[PDB]
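Novice: got an experimental structure here, sequence first:
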Amino acid sequence: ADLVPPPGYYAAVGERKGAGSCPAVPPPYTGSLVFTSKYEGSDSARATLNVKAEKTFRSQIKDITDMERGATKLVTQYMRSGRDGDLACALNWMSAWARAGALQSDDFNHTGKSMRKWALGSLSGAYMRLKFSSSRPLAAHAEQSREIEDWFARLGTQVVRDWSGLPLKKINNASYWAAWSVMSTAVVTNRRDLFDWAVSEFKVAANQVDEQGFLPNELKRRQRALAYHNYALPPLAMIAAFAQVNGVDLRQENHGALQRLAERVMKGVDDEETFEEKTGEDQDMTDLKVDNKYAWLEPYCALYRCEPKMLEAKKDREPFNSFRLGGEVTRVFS
């Protein structure tokens with residue numbers, strides 16, 4: 001059977017009254033993907049922010065950032081209000097990068113291949129709505145659609161190469177996000193090999209969740225441990241939600257590991273104690289205060305019967321927008 005997204009991705013294009021213009025496409029990024037890490041100089045915990053290095057990093061990736069944020073924004077605006085100019089603009093941006101063969105460099109380091117997988121997830125995740133909307137907005141744009149989908153397929157194959165062949169100690173949230181990008185790409189391109197890789201990566205993650213709901217590789221990030229556990233949830237929950245409607249039920253993998261992880265995270269958010277006791281360090285709660293970092297609640301509560309605690313957590317923070325997940329996460333799960 002052809003691969004499909006969750007049913008919410010088939011929603012008609014909206015007609016909400018809102019009209020921004022079409023900005024120039026960010027220059028397609030065809031350079032080397034060898035970037036400075038924001039954690040440059042850290043010990044093995046890789047949890048010490050280097051402000052100067054981060055500034056350098058953000059500058060290096062600026063065109064990629066602008067592409068990710070801008071193109072998802074255009075798709076979101078189109079799905080909300082249905083102005084053809086926004087569709088045309090979004091497709092012009094994505095097809096420009098596709099034709100240029102952006103982000104395809106074989107010259108990369110960890111930070112660089114992470115930019116490749118992140119941008120792939122953002123763009124394909126947004127494009128998913130265009131592709132499967134009952135309005136069929138791509139019907140009039142066959143050439144561009146083909147160009148864009150072929151580019152996604154090239155990048156997806158490369159992302160599998162980028163994160164394959166690793167031992168567990170080197171498989172962390174970075175791989176989970178890569179698996180989301182590859183799952184998203186798999187459904188856009190109807191590529192079962194990509195689908196299968198993302199599923200296998202989820203299963204690795206599920207088996208990394210220990211008997212208490214902790215991930216050893218995320219615990220290693222010391223004061224950022226809780227933040228990184230929360231950061232693991234969105235791609236894992238998205239992968240499971242996508243796999244489910246394609247006939248692969250991952251909810252019970254390793255004794256319901258995804259639920260065990262989610263419940264442990266939410267315990268830590270209520271009270272940091274157990275993560276501190278587990279890591280021996282006070283947790284940086286900064287990221288746990290950011291509403292959109294709980295976007296994982298949308299696919300999660302589509303998968304599991306959420307108890308009132310989870311439901312209220314979702315209700316209080318809705319709607320969720322997360323460009324790395326394709327934009328409007330609440331809308332595609334309602």
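Specialist: Nice, I can see it. Residues are numbered from 1 along each chain as shown.

Novice: buried set for the host helix or strand of residue 92?
Specialist: Assigned by DSSP states H and E, residue 92 belongs to helix 84-100. Buried residues in helix 84-100, defined by neighbour count with 16 or more other Cβ atoms under 10 Å: 86-98. For every residue, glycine as well, the C-beta is placed using N, CA and C.

Novice: export it as CSV, just CAs?
Specialist: The C-alpha coordinates for helix 84-100 follow below in CSV (Å, rounded to 0.1, in the frame of the first residue of the first chain):
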residue,chain,number,x,y,z
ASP,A,84,-2.6,31.5,-4.2
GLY,A,85,0.4,33.9,-4.0
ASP,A,86,1.5,32.2,-0.8
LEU,A,87,1.4,28.7,-2.5
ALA,A,88,3.3,30.0,-5.5
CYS,A,89,5.9,31.6,-3.3
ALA,A,90,6.4,28.5,-1.1
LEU,A,91,6.8,26.3,-4.2
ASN,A,92,9.2,28.9,-5.8
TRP,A,93,11.4,28.8,-2.7
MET,A,94,11.5,25.0,-2.4
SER,A,95,11.9,24.3,-6.1
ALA,A,96,14.8,26.9,-6.3
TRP,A,97,16.6,25.0,-3.6
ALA,A,98,15.7,21.6,-5.2
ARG,A,99,16.9,22.6,-8.7
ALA,A,100,20.1,24.0,-7.2
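
Novice: and that helix, how far out from the chain middle?
Specialist: Between the centre of helix 84-100 and the centre of its chain there are 21 Å (Cα atoms, centre = their mean, to the nearest Å).

Novice: also stretch 99-115?
Specialist: 17 Å.

Novice: do the same with stretch 185-204
Specialist: 14 Å.

Novice: same question, stretch 155-175
Specialist: For stretch 155-175, the distance to the chain centre is 14 Å (Cα atoms, centre = their mean).

Novice: start to end distance for that stretch?
Specialist: One end of stretch 155-175 to the other measures 15 Å (Cα to Cα, to the nearest Å).

Novice: what's next to it, contact-wise?
Specialist: If you take Cβ atoms under 8 Å, 6 or more residues apart in numbering as the criterion, stretch 155-175 is touched by 103-104, 108, 110, 113-114, 116-117, 120, 124, 178-179, 181-182, 185-186, 189, 191, 194, 197, 201, 204-205, 208, 215, 217-218, 228, 231-232, 235.

Novice: which of those fall in strands?
Specialist: Using DSSP state E, no member of those sits in strands.

Novice: and the residues you listed, which are buried?
Specialist: Buried among the contacts of stretch 155-175 by 16+ other Cβ under 10 Å: 103, 108, 113-114, 116-117, 120, 124, 178-179, 181-182, 185-186, 189, 191, 194, 197, 201, 204-205, 208, 215, 217-218, 228, 231-232, 235.

Novice: next step: those residues restricted to helices.
Specialist: 113-114, 116-117, 120, 124, 178-179, 181-182, 185-186, 189, 194, 197, 201, 204-205, 208, 217-218, 228, 231-232, 235 (DSSP state H).

Novice: which ones are touching residue 187?
Specialist: Residue 187 touches 3-5, 128, 195, 242, 246, counting by Cβ under 8 Å, 6+ apart.

Novice: can you list the buried residues in stretch 59-78?
Specialist: For stretch 59-78, by 16+ other Cβ under 10 Å, it's 60-61, 63-68, 70-78.

Novice: whoops, I mixed them up, stretch 292-299
Specialist: So stretch 292-299, judged by 16+ other Cβ under 10 Å, has buried residues 293-299.

Novice: how distant is that stretch from the center of its chain?
Specialist: Distance, stretch centre to chain centre, for stretch 292-299: 11 Å (Cα atoms, centre = their mean).

Novice: what lies in contact with it?
Specialist: 6, 230-231, 233-234, 236-238, 240-241, 262, 287, 306, 310, 313-314, 317, 320-322, 325, 329-330, 332-334.

Novice: endpoint to endpoint, it covers what distance?
Specialist: Note: stretch 292-299 ends 13 Å apart using Cα to Cα.

Novice: kindly report the same for stretch 130-150.
Specialist: Terminal-residue distance, stretch 130-150 (Cα to Cα): 16 Å.

Novice: from residue 48, how far off is the residue nearest to residue 23 when sequence neighbours are not counted?
Specialist: Setting aside the residues directly before and after it, residue 23 is nearest to residue 70 in space (Cβ to Cβ, 6 or more residues apart in numbering), at 6.6 Å. Here the criterion is Cβ to Cβ, to the nearest Å. By it, residue 70 lies 31 Å from residue 48.

Novice: just to revisit the earlier point, reformat the buried residues of stretch 292-299 as a markdown table; add secondary structure.
Specialist: Listed next are the buried residues of stretch 292-299 as a markdown table, based on DSSP: H, G, I helix; E, B strand; the rest coil:
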| residue | secondary structure |
| --- | --- |
| 293 | helix |
| 294 | helix |
| 295 | coil |
| 296 | coil |
| 297 | helix |
| 298 | helix |
| 299 | helix |
